[PDB]
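Asker: Contents of structure-v4.txt (compact mmCIF, C-alpha atoms and all ligand atoms):
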```
# COMPACT_ATOMS: atom_id res chain seq x y z
CA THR A 1 0.00 0.00 0.00
CA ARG A 2 1.18 3.51 -0.91
CA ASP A 3 -1.16 5.17 1.61
CA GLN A 4 1.02 6.68 4.34
CA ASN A 5 -1.60 9.06 5.77
CA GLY A 6 -1.74 9.47 9.49
CA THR A 7 -0.21 10.48 12.80
CA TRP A 8 2.69 8.11 13.47
CA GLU A 9 4.27 7.64 16.92
CA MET A 10 7.82 6.35 17.17
CA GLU A 11 8.31 2.80 18.45
CA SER A 12 12.02 2.33 17.75
CA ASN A 13 15.04 4.36 16.65
CA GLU A 14 18.43 2.95 15.58
CA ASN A 15 21.64 4.91 14.84
CA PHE A 16 19.90 8.30 14.97
CA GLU A 17 23.12 9.85 16.32
CA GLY A 18 25.21 8.39 13.49
CA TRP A 19 22.93 10.01 10.93
CA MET A 20 23.08 13.34 12.77
CA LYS A 21 26.86 13.15 12.94
CA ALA A 22 27.10 12.62 9.18
CA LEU A 23 25.14 15.88 8.90
CA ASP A 24 27.63 17.63 11.25
CA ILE A 25 24.95 18.54 13.79
CA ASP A 26 26.74 19.98 16.82
CA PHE A 27 27.46 18.04 20.01
CA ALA A 28 24.87 19.81 22.17
CA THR A 29 22.01 19.32 19.72
CA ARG A 30 22.87 15.67 19.08
CA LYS A 31 23.15 14.76 22.75
CA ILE A 32 19.66 16.10 23.45
CA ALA A 33 17.98 14.94 20.23
CA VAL A 34 19.15 11.32 20.49
CA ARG A 35 17.17 10.88 23.75
CA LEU A 36 13.80 11.88 22.31
CA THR A 37 10.70 10.14 21.03
CA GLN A 38 9.50 11.41 17.65
CA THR A 39 6.18 11.86 15.86
CA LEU A 40 5.55 11.97 12.11
CA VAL A 41 2.38 13.53 10.68
CA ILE A 42 1.74 12.73 7.02
CA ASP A 43 -1.04 14.30 4.93
CA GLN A 44 -1.18 12.57 1.55
CA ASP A 45 -3.59 13.31 -1.30
CA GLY A 46 -2.56 11.78 -4.61
CA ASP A 47 0.94 13.11 -5.35
CA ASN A 48 0.67 15.96 -2.81
CA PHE A 49 2.38 15.35 0.54
CA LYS A 50 2.66 17.42 3.69
CA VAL A 51 5.03 15.90 6.24
CA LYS A 52 5.83 17.04 9.78
CA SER A 53 8.58 15.61 12.00
CA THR A 54 8.19 16.62 15.63
CA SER A 55 9.63 16.00 19.08
CA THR A 56 9.83 18.10 22.22
CA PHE A 57 12.97 19.65 20.67
CA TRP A 58 12.15 20.34 17.00
CA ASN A 59 9.33 20.84 14.50
CA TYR A 60 10.27 20.29 10.84
CA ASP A 61 7.73 20.56 8.00
CA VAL A 62 8.08 19.95 4.28
CA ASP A 63 5.57 19.92 1.41
CA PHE A 64 6.27 18.22 -1.90
CA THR A 65 4.69 16.69 -4.99
CA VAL A 66 5.84 13.21 -5.94
CA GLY A 67 7.80 13.33 -9.19
CA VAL A 68 8.48 17.10 -9.11
CA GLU A 69 11.97 18.31 -8.28
CA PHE A 70 12.19 21.09 -5.71
CA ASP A 71 14.99 23.27 -4.44
CA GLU A 72 15.01 23.15 -0.70
CA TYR A 73 16.68 24.78 2.29
CA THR A 74 16.96 22.27 5.13
CA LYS A 75 16.36 25.02 7.72
CA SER A 76 16.92 24.09 11.37
CA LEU A 77 18.10 20.55 10.56
CA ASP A 78 21.49 21.52 9.06
CA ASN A 79 20.97 24.82 7.16
CA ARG A 80 21.94 23.55 3.70
CA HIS A 81 20.58 23.93 0.17
CA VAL A 82 19.69 20.72 -1.71
CA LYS A 83 17.75 19.74 -4.83
CA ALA A 84 15.17 17.26 -3.58
CA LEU A 85 13.10 14.69 -5.47
CA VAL A 86 10.58 12.23 -4.01
CA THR A 87 9.40 9.24 -6.05
CA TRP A 88 7.89 5.76 -5.70
CA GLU A 89 9.96 2.58 -5.99
CA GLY A 90 7.21 0.00 -5.74
CA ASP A 91 5.49 0.97 -2.50
CA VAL A 92 8.64 2.57 -1.02
CA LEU A 93 8.61 6.38 -0.93
CA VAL A 94 12.16 7.50 -1.77
CA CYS A 95 13.64 10.98 -1.35
CA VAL A 96 17.03 11.94 -2.80
CA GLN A 97 18.54 15.28 -1.78
CA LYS A 98 21.34 16.31 -4.16
CA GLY A 99 23.98 18.56 -2.63
CA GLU A 100 27.11 18.65 -0.49
CA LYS A 101 26.50 15.31 1.26
CA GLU A 102 26.59 11.95 -0.49
CA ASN A 103 23.79 9.38 -0.24
CA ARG A 104 21.49 11.94 1.42
CA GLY A 105 17.76 11.30 1.66
CA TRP A 106 15.21 9.00 3.21
CA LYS A 107 12.79 6.17 2.51
CA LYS A 108 9.42 5.38 4.03
CA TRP A 109 7.20 2.35 3.59
CA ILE A 110 4.24 0.65 5.26
CA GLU A 111 4.65 -2.84 6.75
CA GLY A 112 1.30 -3.78 8.28
CA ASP A 113 0.00 -1.15 10.69
CA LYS A 114 3.46 0.44 11.04
CA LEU A 115 5.55 2.96 9.12
CA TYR A 116 9.22 2.13 8.51
CA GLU A 117 11.69 4.88 7.80
CA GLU A 118 15.34 5.04 6.69
CA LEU A 119 17.34 8.26 7.03
CA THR A 120 20.60 8.24 5.08
CA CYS A 121 23.65 10.49 4.83
CA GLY A 122 27.21 9.55 3.93
CA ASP A 123 27.82 5.99 5.11
CA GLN A 124 25.25 6.25 7.92
CA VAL A 125 21.75 4.75 7.93
CA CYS A 126 19.24 5.47 10.70
CA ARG A 127 16.30 3.04 10.91
CA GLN A 128 13.02 3.95 12.60
CA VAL A 129 9.64 2.32 13.16
CA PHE A 130 6.38 4.17 13.84
CA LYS A 131 2.97 2.91 14.97
CA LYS A 132 -0.24 4.40 13.58
CA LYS A 133 -1.90 6.40 16.33
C1 LIG B 1 9.90 11.78 5.93
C2 LIG B 1 10.86 12.48 6.88
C3 LIG B 1 11.29 13.73 6.85
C4 LIG B 1 10.91 14.69 5.74
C5 LIG B 1 12.17 14.30 7.96
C6 LIG B 1 12.69 15.57 7.85
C7 LIG B 1 13.48 16.12 8.85
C8 LIG B 1 13.75 15.44 9.98
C9 LIG B 1 14.51 16.03 10.98
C10 LIG B 1 14.45 17.38 11.22
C11 LIG B 1 15.18 17.97 12.24
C12 LIG B 1 16.02 17.20 13.01
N1 LIG B 1 16.82 17.78 14.04
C13 LIG B 1 16.80 19.18 14.32
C14 LIG B 1 17.70 16.98 14.81
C15 LIG B 1 16.09 15.86 12.79
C16 LIG B 1 15.34 15.27 11.79
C17 LIG B 1 13.22 14.18 10.11
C18 LIG B 1 12.44 13.62 9.11
```
How does the structure come out when it is put into structure tokens?
Ligand SMILES: *C/C=C(\C)c1ccc(-c2ccc(N(C)C)cc2)cc1
Answerer:
Amino acid sequence: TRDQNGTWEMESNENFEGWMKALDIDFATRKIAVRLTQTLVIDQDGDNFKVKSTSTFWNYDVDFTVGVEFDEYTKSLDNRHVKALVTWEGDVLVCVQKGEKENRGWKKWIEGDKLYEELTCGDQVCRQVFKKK
């Protein structure tokens, strides 16, 4: 299923700090952020997505249309400019962010009643699982 609509509450988080390090997030921010439970809110209508990543420490929103390249500033994450593109590979939603960092992007897919997410940058992969609330 390609339907990722919903409010998703984090169940597990692996190597989040490795991913943040590959983005050069500073020590203070990483040490706090790695402790925290996350929420993902996804509003999906056809190709149009609105995605929100939230915790008690950050609130990060992005809107995109599947298949349409967009220039993006990554704002409070790491303050960089990328060219971003989100597409479908089967039922895996795949984002590639072209720029300074290699292998930068994410993937999301549904496995049952849960949302699986990969965050990638450099040689680091962070793996997360969310439950539908
Ligand atoms: C599908 C997942 C997306 C678009 C996403 C974007 C950004 C983040 C994110 C933002 C900010 C931070 N900080 C400040 C540590 C971490 C991760 C997560 C997911």
Asker: Box time for ligand LIG 1 (chain B): axis-aligned, enclosing all its listed atoms, 6 Å extra on each side; report centre and edge lengths in Å to one decimal, as lines of an AutoDock Vina configuration file.
Answerer:
```
center_x = 13.8
center_y = 15.5
center_z = 10.3
size_x = 19.8
size_y = 19.4
size_z = 21.1
```
Asker: Under the rule of at most 6 Å, produce a per-residue listing of chain A near ligand LIG 1 (chain B): chain, number, name, the closest pair of atoms, and the distance in Å, as CSV, using all atoms listed in the file.
Answerer:
```
residue,atom,partner,partner_atom,distance
A:33,CA,B:LIG1,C14,5.8
A:53,CA,B:LIG1,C17,5.2
A:58,CA,B:LIG1,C13,5.5
A:60,CA,B:LIG1,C10,5.1
A:76,CA,B:LIG1,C13,5.7
A:77,CA,B:LIG1,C13,4.2
```
Asker: By how many Å are CA of residue 27 (chain A) and CA of residue 117 (chain A) apart?
Answerer: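 Atom-to-atom, CA of residue 27 (chain A) to CA of residue 117 (chain A), that is 23.9 Å.
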Asker: Just how far from CA of residue 2 (chain A) is CA of residue 43 (chain A), in Å to one decimal?
Answerer: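 Calculated distance between CA of residue 43 (chain A) and CA of residue 2 (chain A) is 12.5 Å.
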Asker: CA of residue 7 (chain A) and CA of residue 78 (chain A) are how many Å apart?
Answerer: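 Value for the CA of residue 7 (chain A)-CA of residue 78 (chain A) distance: 24.6 Å.
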Asker: Of the candidates A:88, A:36, A:98, A:129, which one gets nearest to residue 69 (chain A) if we count all atoms listed in the file?
Answerer: A:98
Asker: Of the residues A:51, A:57, A:19, A:74, which is the one nearest to residue 35 (chain A), using all atoms listed in the file?
Answerer: A:57
Asker: Do you know which residues lie at most 8 Å from (11.0, 8.9, 7.2), with coordinates as in the file and all atoms listed in the file counted, and could you write them as a tab-separated table (two decimals) with C-alpha atoms, in the frame of the given file?
Answerer:
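result.tsv was written with the following content:
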```tsv
chain	number	residue	atom	x	y	z
A	40	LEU	CA	5.55	11.97	12.11
A	106	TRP	CA	15.21	9.00	3.21
A	107	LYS	CA	12.79	6.17	2.51
A	108	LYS	CA	9.42	5.38	4.03
A	116	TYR	CA	9.22	2.13	8.51
A	117	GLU	CA	11.69	4.88	7.80
A	118	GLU	CA	15.34	5.04	6.69
A	119	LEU	CA	17.34	8.26	7.03
A	128	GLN	CA	13.02	3.95	12.60
```
Asker: Choose the residue, out of A:23, A:16, A:66, A:59, that has the smallest atom-to-atom separation from residue 94 (chain A); count only C-alpha atoms.
Answerer: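 Closest to residue 94 (chain A), using only C-alpha atoms: A:66.
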Asker: Which one is closest to residue 25 (chain A): A:65, A:97, A:79, A:87? Count all atoms listed in the file.
Answerer: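 Checking each of A:65, A:97, A:79, A:87 against residue 25 (chain A), counting all atoms listed in the file, the winner is A:79.
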Asker: Counting all atoms listed in the file, which residue out of A:131, A:55, A:21, A:103 sits closest to residue 37 (chain A)?
Answerer: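 Checking each of A:131, A:55, A:21, A:103 against residue 37 (chain A), counting all atoms listed in the file, the winner is A:55.
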